[PDB]
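*Asks:* Here it is, the structure, as structure tokens.
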Amino acid sequence: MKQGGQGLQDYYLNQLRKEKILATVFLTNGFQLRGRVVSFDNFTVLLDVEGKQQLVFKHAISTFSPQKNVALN
Amino acid sequence: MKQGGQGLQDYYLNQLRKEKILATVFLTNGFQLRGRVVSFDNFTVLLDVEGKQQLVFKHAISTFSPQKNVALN
Amino acid sequence: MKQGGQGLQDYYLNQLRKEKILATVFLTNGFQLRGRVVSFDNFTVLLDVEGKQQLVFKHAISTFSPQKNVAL
Amino acid sequence: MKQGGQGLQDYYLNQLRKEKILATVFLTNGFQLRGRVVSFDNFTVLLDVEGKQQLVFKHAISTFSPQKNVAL
Amino acid sequence: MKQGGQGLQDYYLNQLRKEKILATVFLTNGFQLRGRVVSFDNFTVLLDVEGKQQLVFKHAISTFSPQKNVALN
Amino acid sequence: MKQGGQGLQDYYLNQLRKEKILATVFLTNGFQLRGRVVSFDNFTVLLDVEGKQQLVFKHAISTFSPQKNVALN
């Protein structure tokens with residue numbers, strides 16, 4: 001029921017997506033977006049930032065920092 | 001069909017290309033490009049910048065920030 | 001029971017997680033977080049920084065620096 | 001005759017190479033080279049900059065910007 | 001035996017570890033560490049820095065600069 | 001007689017190694033080494049810089065700039 005090795009990632013981002021939890025996404029270049037997850041695959045995260053879409057490549061992402069903790073397993 | 005975990009990225013860039021949406025492409029090094037997606041594969045995105053082609057590697061791309069939102073399913 | 005080639009990484013992070021060792025996580029951009037390891041996979045590490053969760057991509061991590069050494 | 005997923009990249013670099021199009025190659029660290037494509041594989045591009053060879057890693061390349069557009 | 005195209009890296013770090021050679025590890029972000037290789041896998045290198053362990057990801061390492069040369073075959 | 005997709009790379013670095021051609025190796029962090037190739041695998045290049053070994057990860061390398069052009073195919 002998952003791809004081996006990315007259970008934390010897929011579960012976590014999927015919880016952020018379902019609940020639409022606001023999060024600060026720190027990028028590797030040090031820039032940052034404060035928005036919500038619309039969608040994601042293995043390489044990209046589609047983000048809702050103040051009503052505007054932002055397609056962010058995962059390799060550019062440093063950290064997801066949610067405003068509310070996600071329930072774990 | 002041929003897919004894997006990259007439905008989101010492919011669909012999205014394909015929508016930007018087909019709808020000729022103007023997008024700002026923020027690269028990880030800080031540089032930016034305003035243009036349109038002519039084409040793309042798994043590693044590169046061909047952009048149209050004022051009639052001038054620009055071949056951009058996806059590993060160097062941070063975010064795609066479109067002028068208009070893409071209709072998702 | 002084991003993916004070859006990542007025994008050091010997996011064992012080491014699993015120990016910091018079980019032993020609740022406080023660690024400074026240096027990111028490749030010079031940012032750093034001081035917290036504990038809650039979970040991890042092949043790409044991400046979930047961190048506990050003063051009560052708040054921090055999902056960190058491993059490709060962005062530069063160094064784990066624990067407060068207490070891990071037994072090997 | 002074709003590795004799926006890299007048709008744009010391979011075709012495009014092959015055209016710059018055959019047509020000897022002068023191109024500015026932006027590297028991810030802000031460096032740039034102005035020369036022509038001699039050869040390439042899945043990881044490297046061999047460049048001709050004013051008579052001198054420059055073996056450039058593709059993971060370090062940010063953008064190819066040709067003097068003349070490639071026909072698609 | 002288990003190998004692939006990584007004979008050079010494995011042999012070398014293994015020689016540094018077995019011979020307890022002091023090496024400066026330059027990371028891509030500019031930071032440096034003087035210490036010894038305790039252990040390593042395909043992605044990480046465990047270092048000893050003044051009795052303090054430091055888990056370093058190989059993708060963030062630029063160069064290993066040893067205090068003494070390693071005998072190669 | 002090779003691994004598909006890295007013929008230019010393996011041939012080129014092997015020519016630099018056999019002839020011991022001096023080259024400036026530009027790293028992605030903008031630092032640089034002027035030396036000769038002792039060995040290489042798929043991930044690392046062992047470098048001779050003024051008689052001192054430098055194990056450089058390939059992912060940190062930006063450019064090899066030889067003092068003498070390598071004969072091609």
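How things are named: the first chain in the structure tokens is A, the next is B, and so on; residues count from 1 in each chain; ligands count from 1 in the order shown.
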Select from chain B everything DSSP, run on the backbone, classes as helix (DSSP H, G or I), then give the selection as a ChimeraX atom specification.
*Replies:* /B:7-18,58-60
*Asks:* Please check the contacts: residues of chain E at most 6 Å away from chain F, using only C-alpha atoms, listed as a VMD selection string.
*Replies:* chain E and resid 5 to 6 8 28 62 to 65 69
*Asks:* Could you write out, as a PyMOL selection string, all the residues of segment 15-55 of chain D that DSSP marks as strand (DSSP E)?
*Replies:* chain D and resi 23-27+32-40+44-49+52-55
*Asks:* Mind writing the picked residues with C-alpha atoms as a CSV table (one decimal), in the first residue's frame?
*Replies:*
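Result file follows (result_34.csv):
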```csv
chain,number,residue,atom,x,y,z
D,23,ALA,CA,25.5,29.3,-27.1
D,24,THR,CA,26.0,30.8,-23.6
D,25,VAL,CA,26.0,28.0,-21.0
D,26,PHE,CA,24.9,29.4,-17.6
D,27,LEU,CA,26.1,27.3,-14.7
D,32,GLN,CA,28.8,31.2,-17.8
D,33,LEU,CA,30.7,29.9,-20.9
D,34,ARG,CA,30.2,31.1,-24.4
D,35,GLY,CA,31.1,28.3,-26.9
D,36,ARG,CA,29.9,25.5,-29.1
D,37,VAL,CA,28.9,21.9,-28.3
D,38,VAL,CA,31.4,19.3,-29.4
D,39,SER,CA,29.9,16.3,-27.7
D,40,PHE,CA,27.7,15.1,-24.9
D,44,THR,CA,28.6,15.7,-19.4
D,45,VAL,CA,28.9,18.2,-22.3
D,46,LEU,CA,32.2,18.9,-24.0
D,47,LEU,CA,32.4,22.5,-25.0
D,48,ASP,CA,34.6,24.6,-27.4
D,49,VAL,CA,35.4,27.9,-26.0
D,52,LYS,CA,39.9,25.4,-25.7
D,53,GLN,CA,38.0,22.3,-24.5
D,54,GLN,CA,35.7,22.5,-21.4
D,55,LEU,CA,34.3,19.3,-20.0
```
*Asks:* To one decimal place in Å, what is the distance between atom CA of residue 4 of chain A and atom CA of residue 18 of chain A?
*Replies:* 21.7 Å
*Asks:* Taking only C-alpha atoms into account, name the residue in A:36, A:17, A:7, A:23 that is nearest to chain C.
*Replies:*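 Selected residue with least distance to chain C: A:7.
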*Asks:* Can you give me chain F superposed onto chain A, least-squares on all Cα in order, written as a compact mmCIF listing (two decimals) with N, CA, C and O atoms, in the first residue's frame?
*Replies:*
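Saved to part01.txt:
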```
# COMPACT_ATOMS: atom_id res chain seq x y z
N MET F 1 0.83 -1.20 0.00
CA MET F 1 0.00 0.00 0.00
C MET F 1 0.87 1.26 0.00
O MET F 1 0.48 2.27 0.60
N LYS F 2 2.05 1.19 -0.63
CA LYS F 2 2.93 2.37 -0.73
C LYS F 2 4.22 2.03 -1.51
O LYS F 2 4.50 0.88 -1.76
N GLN F 3 5.03 3.04 -1.84
CA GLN F 3 6.33 2.79 -2.47
C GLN F 3 7.32 2.74 -1.34
O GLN F 3 7.39 3.65 -0.52
N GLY F 4 8.10 1.67 -1.30
CA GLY F 4 9.03 1.46 -0.23
C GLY F 4 10.05 2.56 -0.18
O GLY F 4 10.60 2.94 -1.20
N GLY F 5 10.21 3.16 0.99
CA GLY F 5 11.22 4.17 1.21
C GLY F 5 10.72 5.59 1.23
O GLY F 5 11.48 6.50 1.55
N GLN F 6 9.44 5.80 0.95
CA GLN F 6 8.91 7.15 0.93
C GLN F 6 7.55 7.20 1.62
O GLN F 6 6.67 7.99 1.26
N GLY F 7 7.40 6.36 2.64
CA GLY F 7 6.19 6.29 3.42
C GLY F 7 6.01 7.53 4.27
O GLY F 7 4.91 8.04 4.40
N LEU F 8 7.07 8.02 4.88
CA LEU F 8 6.91 9.20 5.70
C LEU F 8 6.50 10.36 4.82
O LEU F 8 5.54 11.08 5.12
N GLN F 9 7.23 10.52 3.73
CA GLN F 9 7.02 11.62 2.82
C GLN F 9 5.61 11.67 2.22
O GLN F 9 4.95 12.70 2.24
N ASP F 10 5.16 10.54 1.68
CA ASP F 10 3.87 10.50 1.00
C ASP F 10 2.73 10.63 1.98
O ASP F 10 1.72 11.26 1.67
N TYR F 11 2.89 10.05 3.16
CA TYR F 11 1.87 10.14 4.18
C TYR F 11 1.79 11.56 4.69
O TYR F 11 0.70 12.11 4.84
N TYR F 12 2.94 12.15 4.99
CA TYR F 12 2.99 13.47 5.58
C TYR F 12 2.44 14.54 4.68
O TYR F 12 1.62 15.34 5.11
N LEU F 13 2.89 14.54 3.42
CA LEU F 13 2.45 15.56 2.46
C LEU F 13 0.98 15.36 2.15
O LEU F 13 0.25 16.33 1.92
N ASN F 14 0.53 14.11 2.18
CA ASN F 14 -0.86 13.82 1.92
C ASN F 14 -1.74 14.29 3.06
O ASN F 14 -2.87 14.70 2.82
N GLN F 15 -1.22 14.26 4.29
CA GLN F 15 -1.96 14.80 5.42
C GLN F 15 -2.04 16.31 5.35
O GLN F 15 -3.07 16.90 5.70
N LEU F 16 -0.96 16.95 4.88
CA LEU F 16 -0.96 18.39 4.70
C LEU F 16 -1.90 18.77 3.59
O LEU F 16 -2.54 19.82 3.64
N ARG F 17 -2.06 17.88 2.62
CA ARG F 17 -2.94 18.19 1.50
C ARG F 17 -4.41 18.04 1.88
O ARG F 17 -5.19 18.96 1.64
N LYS F 18 -4.77 16.93 2.52
CA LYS F 18 -6.14 16.65 2.90
C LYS F 18 -6.68 17.69 3.85
O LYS F 18 -7.78 18.20 3.65
N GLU F 19 -5.91 18.02 4.88
CA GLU F 19 -6.39 18.99 5.86
C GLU F 19 -6.15 20.44 5.42
O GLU F 19 -6.64 21.35 6.07
N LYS F 20 -5.40 20.64 4.34
CA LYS F 20 -5.04 21.97 3.85
C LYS F 20 -4.37 22.80 4.94
O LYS F 20 -4.67 23.98 5.10
N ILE F 21 -3.45 22.19 5.67
CA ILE F 21 -2.73 22.85 6.75
C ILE F 21 -1.73 23.85 6.16
O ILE F 21 -0.96 23.50 5.28
N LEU F 22 -1.76 25.08 6.64
CA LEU F 22 -0.81 26.11 6.22
C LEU F 22 0.60 25.75 6.66
O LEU F 22 0.80 25.28 7.77
N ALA F 23 1.58 26.02 5.80
CA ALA F 23 2.96 25.67 6.11
C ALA F 23 3.93 26.60 5.44
O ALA F 23 3.67 27.11 4.37
N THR F 24 5.03 26.86 6.12
CA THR F 24 6.10 27.62 5.52
C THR F 24 7.04 26.63 4.84
O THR F 24 7.54 25.71 5.49
N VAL F 25 7.22 26.78 3.53
CA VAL F 25 8.11 25.92 2.75
C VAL F 25 9.45 26.62 2.49
O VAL F 25 9.55 27.53 1.67
N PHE F 26 10.47 26.24 3.24
CA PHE F 26 11.79 26.83 3.07
C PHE F 26 12.50 26.20 1.88
O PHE F 26 12.63 25.00 1.81
N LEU F 27 12.94 27.00 0.94
CA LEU F 27 13.65 26.46 -0.22
C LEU F 27 15.15 26.43 0.02
O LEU F 27 15.66 27.09 0.91
N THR F 28 15.87 25.66 -0.77
CA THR F 28 17.31 25.57 -0.55
C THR F 28 18.02 26.91 -0.80
O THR F 28 19.03 27.20 -0.17
N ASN F 29 17.47 27.76 -1.67
CA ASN F 29 18.10 29.05 -1.94
C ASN F 29 17.80 30.04 -0.79
O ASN F 29 18.21 31.20 -0.83
N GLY F 30 17.06 29.58 0.21
CA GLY F 30 16.77 30.40 1.36
C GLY F 30 15.48 31.19 1.26
O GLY F 30 15.06 31.80 2.24
N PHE F 31 14.84 31.14 0.09
CA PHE F 31 13.53 31.76 -0.11
C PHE F 31 12.45 30.91 0.51
O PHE F 31 12.68 29.76 0.89
N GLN F 32 11.26 31.49 0.65
CA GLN F 32 10.22 30.80 1.37
C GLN F 32 8.81 31.15 0.94
O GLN F 32 8.52 32.30 0.62
N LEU F 33 7.95 30.15 0.95
CA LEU F 33 6.56 30.31 0.59
C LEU F 33 5.70 29.87 1.76
O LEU F 33 6.03 28.91 2.46
N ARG F 34 4.65 30.63 2.04
CA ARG F 34 3.71 30.29 3.09
C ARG F 34 2.37 29.94 2.42
O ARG F 34 1.64 30.82 1.99
N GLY F 35 2.08 28.65 2.29
CA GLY F 35 0.85 28.26 1.63
C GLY F 35 0.35 26.88 2.00
O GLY F 35 0.69 26.34 3.06
N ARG F 36 -0.48 26.33 1.12
CA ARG F 36 -1.10 25.04 1.34
C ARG F 36 -0.88 24.11 0.16
O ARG F 36 -0.75 24.56 -0.97
N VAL F 37 -0.86 22.81 0.44
CA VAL F 37 -0.65 21.80 -0.58
C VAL F 37 -1.92 21.44 -1.36
O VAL F 37 -2.93 21.06 -0.79
N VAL F 38 -1.85 21.59 -2.68
CA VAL F 38 -2.94 21.24 -3.57
C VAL F 38 -2.71 19.84 -4.10
O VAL F 38 -3.63 19.03 -4.20
N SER F 39 -1.47 19.57 -4.49
CA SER F 39 -1.08 18.28 -5.05
C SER F 39 0.43 18.04 -4.95
O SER F 39 1.20 18.95 -4.66
N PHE F 40 0.86 16.80 -5.20
CA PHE F 40 2.28 16.45 -5.21
C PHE F 40 2.52 15.13 -5.91
O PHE F 40 1.65 14.28 -5.93
N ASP F 41 3.69 14.98 -6.53
CA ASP F 41 4.08 13.66 -7.00
C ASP F 41 5.47 13.39 -6.44
O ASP F 41 5.83 13.94 -5.41
N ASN F 42 6.27 12.61 -7.14
CA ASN F 42 7.60 12.28 -6.65
C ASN F 42 8.62 13.39 -6.80
O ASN F 42 9.69 13.32 -6.24
N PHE F 43 8.28 14.43 -7.54
CA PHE F 43 9.26 15.47 -7.84
C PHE F 43 8.82 16.88 -7.55
O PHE F 43 9.65 17.78 -7.43
N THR F 44 7.52 17.08 -7.52
CA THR F 44 6.98 18.42 -7.38
C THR F 44 5.86 18.56 -6.37
O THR F 44 5.10 17.61 -6.10
N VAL F 45 5.70 19.77 -5.85
CA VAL F 45 4.59 20.04 -4.97
C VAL F 45 3.86 21.25 -5.52
O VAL F 45 4.47 22.27 -5.81
N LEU F 46 2.58 21.09 -5.81
CA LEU F 46 1.77 22.21 -6.24
C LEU F 46 1.24 22.90 -5.02
O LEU F 46 0.57 22.28 -4.19
N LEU F 47 1.55 24.18 -4.92
CA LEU F 47 1.24 24.97 -3.73
C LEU F 47 0.22 26.09 -3.99
O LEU F 47 0.20 26.71 -5.05
N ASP F 48 -0.65 26.32 -3.01
CA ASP F 48 -1.61 27.43 -3.04
C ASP F 48 -1.10 28.53 -2.14
O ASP F 48 -1.05 28.38 -0.92
N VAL F 49 -0.63 29.61 -2.73
CA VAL F 49 -0.14 30.71 -1.94
C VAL F 49 -1.00 31.93 -2.16
O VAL F 49 -0.89 32.58 -3.21
N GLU F 50 -1.87 32.23 -1.20
CA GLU F 50 -2.77 33.37 -1.29
C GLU F 50 -3.60 33.31 -2.57
O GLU F 50 -3.80 34.33 -3.22
N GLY F 51 -4.05 32.12 -2.95
CA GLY F 51 -4.89 31.95 -4.12
C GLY F 51 -4.16 31.79 -5.44
O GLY F 51 -4.78 31.60 -6.48
N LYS F 52 -2.83 31.87 -5.39
CA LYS F 52 -2.01 31.73 -6.59
C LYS F 52 -1.18 30.43 -6.55
O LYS F 52 -0.55 30.10 -5.55
N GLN F 53 -1.21 29.67 -7.64
CA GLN F 53 -0.51 28.39 -7.71
C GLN F 53 1.00 28.60 -7.84
O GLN F 53 1.45 29.57 -8.43
N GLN F 54 1.76 27.72 -7.19
CA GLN F 54 3.21 27.75 -7.26
C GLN F 54 3.66 26.29 -7.39
O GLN F 54 3.47 25.51 -6.47
N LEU F 55 4.18 25.91 -8.54
CA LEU F 55 4.69 24.56 -8.72
C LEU F 55 6.16 24.52 -8.26
O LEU F 55 7.02 25.13 -8.88
N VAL F 56 6.43 23.87 -7.13
CA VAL F 56 7.76 23.85 -6.54
C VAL F 56 8.42 22.50 -6.73
O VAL F 56 7.83 21.47 -6.40
N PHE F 57 9.64 22.48 -7.25
CA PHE F 57 10.36 21.22 -7.35
C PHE F 57 10.86 20.81 -5.98
O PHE F 57 11.47 21.62 -5.25
N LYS F 58 10.63 19.54 -5.65
CA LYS F 58 11.01 18.98 -4.35
C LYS F 58 12.50 19.07 -4.05
O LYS F 58 12.89 19.22 -2.91
N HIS F 59 13.33 18.95 -5.07
CA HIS F 59 14.79 19.02 -4.88
C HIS F 59 15.23 20.42 -4.45
O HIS F 59 16.36 20.60 -4.02
N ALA F 60 14.34 21.40 -4.58
CA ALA F 60 14.64 22.78 -4.19
C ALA F 60 14.13 23.05 -2.78
O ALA F 60 14.45 24.07 -2.17
N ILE F 61 13.32 22.13 -2.27
CA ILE F 61 12.76 22.28 -0.95
C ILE F 61 13.70 21.82 0.14
O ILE F 61 14.33 20.78 0.03
N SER F 62 13.79 22.63 1.18
CA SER F 62 14.58 22.32 2.34
C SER F 62 13.68 21.77 3.47
O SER F 62 13.95 20.72 4.04
N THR F 63 12.58 22.47 3.76
CA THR F 63 11.77 22.15 4.91
C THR F 63 10.30 22.53 4.79
O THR F 63 9.98 23.60 4.28
N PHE F 64 9.42 21.63 5.21
CA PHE F 64 8.02 21.98 5.43
C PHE F 64 7.84 22.28 6.93
O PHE F 64 8.17 21.46 7.78
N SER F 65 7.30 23.45 7.26
CA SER F 65 7.09 23.83 8.66
C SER F 65 5.60 24.15 8.87
O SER F 65 5.17 25.29 8.69
N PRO F 66 4.80 23.15 9.29
CA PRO F 66 3.34 23.30 9.44
C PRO F 66 2.92 24.13 10.64
O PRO F 66 3.64 24.14 11.64
N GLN F 67 1.79 24.82 10.54
CA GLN F 67 1.27 25.61 11.65
C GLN F 67 0.55 24.76 12.67
O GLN F 67 0.28 25.22 13.77
N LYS F 68 0.33 23.51 12.32
CA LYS F 68 -0.32 22.56 13.19
C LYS F 68 0.29 21.20 12.93
O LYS F 68 0.41 20.78 11.77
N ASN F 69 0.72 20.52 13.99
CA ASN F 69 1.36 19.21 13.85
C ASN F 69 0.47 18.17 13.21
O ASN F 69 -0.73 18.11 13.47
N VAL F 70 1.07 17.36 12.35
CA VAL F 70 0.38 16.26 11.70
C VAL F 70 0.41 15.01 12.58
O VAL F 70 1.44 14.67 13.17
N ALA F 71 -0.75 14.39 12.73
CA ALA F 71 -0.87 13.16 13.49
C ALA F 71 -0.09 12.02 12.82
O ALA F 71 -0.29 11.72 11.64
N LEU F 72 0.75 11.34 13.59
CA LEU F 72 1.61 10.32 13.01
C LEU F 72 1.04 8.93 13.11
O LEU F 72 -0.17 8.74 13.25
N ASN F 73 1.92 7.94 12.99
CA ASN F 73 1.49 6.55 12.98
C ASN F 73 1.83 5.79 14.27
O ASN F 73 1.48 4.62 14.43
```
*Asks:* For the atom pair atom CA of residue 56 of chain C and atom CA of residue 43 of chain C, what is the interatomic distance in Å to one decimal place?
*Replies:*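 That distance, rounded to one decimal, is 8.6 Å.
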*Asks:* Calculate how many Å separate atom CA of residue 5 of chain C from atom CA of residue 5 of chain D, rounding to one decimal.
*Replies:* 27.4 Å
*Asks:* Considering only C-alpha atoms, can you say which of D:51, D:72, D:67, D:62 comes closest to chain B?
*Replies:*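 Comparing D:51, D:72, D:67, D:62 against chain B, the winner is D:62.
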